[PDB]
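# Structural overview for review
Here is how the chains run, residue by residue.
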Amino acid sequence: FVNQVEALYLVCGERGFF
Amino acid sequence: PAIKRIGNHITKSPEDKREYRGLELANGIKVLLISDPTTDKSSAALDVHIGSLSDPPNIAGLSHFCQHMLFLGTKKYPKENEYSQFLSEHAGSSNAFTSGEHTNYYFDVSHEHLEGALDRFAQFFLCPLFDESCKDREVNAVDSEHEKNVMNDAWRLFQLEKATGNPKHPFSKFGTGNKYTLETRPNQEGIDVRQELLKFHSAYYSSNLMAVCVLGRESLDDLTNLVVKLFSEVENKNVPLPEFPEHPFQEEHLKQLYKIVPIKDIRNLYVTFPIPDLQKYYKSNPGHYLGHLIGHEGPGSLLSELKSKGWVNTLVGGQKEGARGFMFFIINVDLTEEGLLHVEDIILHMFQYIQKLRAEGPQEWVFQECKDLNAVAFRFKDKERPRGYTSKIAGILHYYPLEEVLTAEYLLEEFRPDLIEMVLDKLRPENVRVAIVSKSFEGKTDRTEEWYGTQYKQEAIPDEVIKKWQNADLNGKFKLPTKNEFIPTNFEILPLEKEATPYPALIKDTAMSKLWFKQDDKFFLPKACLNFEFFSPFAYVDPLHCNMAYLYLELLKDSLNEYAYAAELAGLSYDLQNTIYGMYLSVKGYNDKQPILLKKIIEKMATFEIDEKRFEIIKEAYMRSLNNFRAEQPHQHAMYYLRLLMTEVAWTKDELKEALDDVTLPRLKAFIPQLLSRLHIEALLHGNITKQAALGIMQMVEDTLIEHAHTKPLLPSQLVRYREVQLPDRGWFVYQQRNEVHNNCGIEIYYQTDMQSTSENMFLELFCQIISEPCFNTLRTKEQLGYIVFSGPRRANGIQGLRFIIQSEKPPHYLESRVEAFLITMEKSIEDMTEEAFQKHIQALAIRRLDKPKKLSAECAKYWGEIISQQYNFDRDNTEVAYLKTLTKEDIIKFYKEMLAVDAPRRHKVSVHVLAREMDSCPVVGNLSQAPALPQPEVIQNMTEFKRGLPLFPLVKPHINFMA
């Protein structure tokens, strides 16, 4: 498929299952 | 006066009813105002055009650190959590991110409090405090954030690429930062980080490098006055926009091969080509044209051939952002065991395909097909959620004129074959970079990346290899894509039926299938959502059957891929996956050709013929996938274990891979017919469709299964659902495990309450709303236990409760005590809060629960949630909120005293402790607020024994929904 930089956040808002 | 220019008409989609006004303030800030008289939540976002790429060489992570600090207080609002607390009490939320060239801040909130939120927000860019005390605490949050990425393969590769380019180029910088770079090293060098933060903010947070986007119910004129009043005061330093004309990869960085050792057992090949910045050619996107062709997955594609040879399973190609002045073009693929032995050949094929493009020359019909498709997509674009919408717009206001921001990255304009040839001319062997990731290189590397410790090796590619690639001739197997036949043409919105219902209606109720239907009555777009749940006990009967159900569906999607890719490009999508109760199938997109795709899928699953090669390859990838879970984060393991402990039936990863080896082609072929022989189908068809059409689709699915699979109705007594384990009053259990990859601890605390019900739901949700903000501010901001600190409700199998999740370097038992101390603080905080504050929370929850969906898929998901959980409470929000508004402060206190308090008579607690890699052992039980004394927990040593020794909750009763 077509490609469509890792960026850092202030918080993770949802905790998730994975 | 305070305004320098008011843009002309902002080109928008005709289906878009929101109002737009673009303008540029006298200080240079580019603004996009958005009025939506219906929005339940208003939102604002501001993007500063500078990022980690501008970090001082001796203070890595400074720009990211600045981003964190801006939330901890301003002169106008000193309280370090005044911002987050205000949003919390007004149904709002906020976050921000830092990239190489951008720092984006955004929030949303009840439409009634836009000004109050925006005021507090604007202060971030006017008078930040950068309080010394906050700085010393929050640095731990940054360190913890980096810590969780240290063992993440994606980040390791991300930083490794930077480390293999020009060391003098800012591209080589470490942008996350950590305690060493932000505290330890600076202190040693005699640097004052506080001053540096202020200096950085002062020098770069200039209005000329800022873009803002605000969305609310107010009119454009009122929004204009609001923005001017709060942002025109931002100072303009006329800062030059950072430019990076010299590409990070120079000659000495080309024709290089990198062999890398991954953490997870993954096999990948990364091919990179340095290219000029193509951003200014956005009107024709030559880079996306080449990506479209190179990354295509239809017949004749590079992927199809690489897969046929059994070398790769997936592929992504196209341009990759760099920064102002430089970009990359990539072709990445995963590798099969054989593919890893034929890397040179794979790359040769890559160049043969590229040579095919050169020989055929740029194809205008291809460009036109995409152009027309993008035009259709832009026109019928789903309405976006405010928060994400403003954040995105704030970012692109930096690259496109005010009038073009909405259409910019959507519509294609002119075909530029010359630019395409220009980029294509860069995709040659002499300027290629190759990286191979595989565990097979372990013990064979000689270099270590300083920031993550990545083990790897660098070698120059032999000239004879480069030369062979340069001589790549044409391969008869490679062809240009054929005309896409899935392009939608019928966009008529069928008129609302006279018997149309506001909620889904049961229009079919037989043993074979239960059909829920609702004709879209809000969005009026030529789209539909077709959701199907196929029930069968043979999908999860045991580990072996779970593996086969997965493998079966995975193999089916793999054989349908070439065919489905085209549909996907034409906005027609589908999802097929195995569940603990059977199979899940969802078709979404333009309703036009949905029937064709659906029929194909059902036909295929009922007449599927397995390909041995594909089977062995996918099975091998599945085995690693199961094993790779050991490399997941501590909090991920915690949630995983809790799930296994609390659910009646749940097969572990270990049980699944142990049974995998026994999955043989013959057994899989026998499995399919058995799986489809008996089923029950519960569906939800929602969108631009009529009752008769709905009944028509269902009949087709049934008929296809009956004709090819001889499928028959399942018995109602067979329609079994799993129960949640019922914990004993005053009980406390602890399950402990270790994470062998991450050197950090994780923990999840579960306080089971009771079965889901209107009253129980709102007791829990209101309490969660009340402690939400205080939990984050206490456990993270104040105590800095870790970057990841979470609290909230947990719902599973009709049961529910309160959950806390934390990832920290501190041991679980210490974490446990802290959460317990917090609970005592909250208690006190609730008993002392004013009715005013209490009611504010009730209203905050009310708005959150009543916030209406902006698009069909969001509305559908809610209905689907009610059908899947089998509660069918389609009018839940209205009911529950009505009940919510009657709760009093006293009710919440009692709820806490009887269910959650440390000495609560009905406390039901289980804790999952995930120890850090370097921890050999750890106890399960052990200024700062005072932590209460806890009982001796029962240590769970065997999950099976645990579940067996406890009773199981009953299943929730369905909210009767009478209909034909």
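In the PDB archive, X-ray crystallography is given as the structure determination method for this entry, at a resolution of 2.20 Å.

### Notes on the UniProt feature "short sequence motif: SlyX motif" in chain B
With numbering aligned to this structure, UniProt lists the feature "short sequence motif: SlyX motif" at residues 809-814 of chain B. End C-alpha to end C-alpha, residues 809-814 of chain B measures 10 Å, and it is 50% helix and 0% strand.

### Topic: unusual backbone geometry
Residues and elements named next belong to chain B. A positive phi angle, close to 45°, is found at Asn238, a residue other than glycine. Tracing the sequence through the fold places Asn238 in the loop between helix 8 (220-231) and strand 8 (256-260). Relative accessible area serves as the criterion here: at 57%, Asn238 is assigned to the exposed category. If you check the backbone angles, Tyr872 has positive phi at about 45° while not being a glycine. For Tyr872, a relative accessible area of 9% translates into the label buried.

### Brief notes about the nonpolar core
Residue and element names in this part refer to chain B. Judged by nonpolar contacts, the single largest core of 92 residues is most densely connected at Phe532, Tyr552, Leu585, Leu598 and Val701. Broken down by element, the residue count for this core peaks at 13 residues, all from helix 17 (residues 543-569). Composition of this core by domain shows at least three residues from each of domain 3 (498-724) and domain 4 (725-964). With residues near it in sequence (within four places) discarded, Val701 still touches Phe532, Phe534, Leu598, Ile602 and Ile681. Of all hydrophobic cores here, the second largest spans 54 residues; its members include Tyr105, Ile191, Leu226 and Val234.

### So, the sheet that holds strand 4 (residues 41-48) of chain B
Strand order in this open sheet of eight strands is 1(A)-5(B)-6(B)-4(B)-7(B)-3(B)-2(B)-1(B), and the pairing throughout is mixed. Strands with a single pairing partner mark the edges of an open sheet, and in this sheet they are strand 1 (8-9) of chain A together with strand 1 (3-6) of chain B. Note that strand 5 (residues 93-98) of chain B and strand 6 (residues 103-110) of chain B share six bridges and pair antiparallel. Paired with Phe97(B) across the two strands is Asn104(B), which belongs to strand 6 of chain B. Against the sheet, helix 14 (residues 386-396) of chain B makes contact with strand 2 (19-25), strand 3 (30-35), strand 4, strand 5, strand 6 and strand 7 (210-216) of chain B, and its axis sits at roughly 25° relative to strand 4 of chain B, the strand it touches most.

### Considerations on the sheet that holds strand 10 (residues 315-323) of chain B
All names here are of chain B. Strand order in this open sheet of seven strands is 10-11-9-12-8-14-13, and the pairing throughout is mixed. Two strands close off the open sheet at either side, each with one partner strand: strand 10 and strand 13 (447-448). Direction of pairing for strand 9 (residues 268-275) relative to strand 12 (residues 433-437): antiparallel, over a ladder of five bridges. What sits directly across from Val271, in strand 12, is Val434. Here helix 12 (residues 343-360) sits on the sheet and contacts strand 9, strand 11 (326-334) and strand 12; the angle it forms with strand 9, its principal contact strand, is near 40°.

Each value, and the rule that gives it
Counting of residues restarts from 1 for each chain and follows the sequence as written, so the numbers need not equal those of the entry; residues with no coordinates are not shown. Chains and ligands are labelled sequentially in the order written, the chains with letters from A and the ligands with numbers from 1. With hydrogens and water stripped out, all remaining heavy atoms of the structure feed into the side-chain values. Residues with missing side-chain atoms are left out of burial classes, side-chain pairs and their counts. UniProt positions are given in the numbering used here, feature names are shortened, and annotations may be inferred rather than shown by experiment. Numbering of helices and strands runs from the N terminus; a helix is a DSSP stretch of H or I covering at least four residues, while a strand is a stretch of E covering at least two. Remark: exposure states derive from per-residue accessible area (1.4 Å probe, protein chains only) relative to the maximum for the residue type, with buried under 20%, exposed over 50%, and partly exposed in between. Residue types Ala, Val, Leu, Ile, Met, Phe, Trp, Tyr and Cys, when buried and joined through side-chain atoms within 4.5 Å, form a set referred to as a nonpolar core. Domain segmentation is taken from an automatic or database assignment of domains. Contacts: residue pairs with any heavy atoms within 4.5 Å of one another. Strands are treated as partners if at least two bridges between them are detected by DSSP. Inter-axis angles, ranging from 0 to 180 degrees, are taken between N-to-C directions of lines fitted to C-alpha atoms, where helices are fitted over the stretch in contact.

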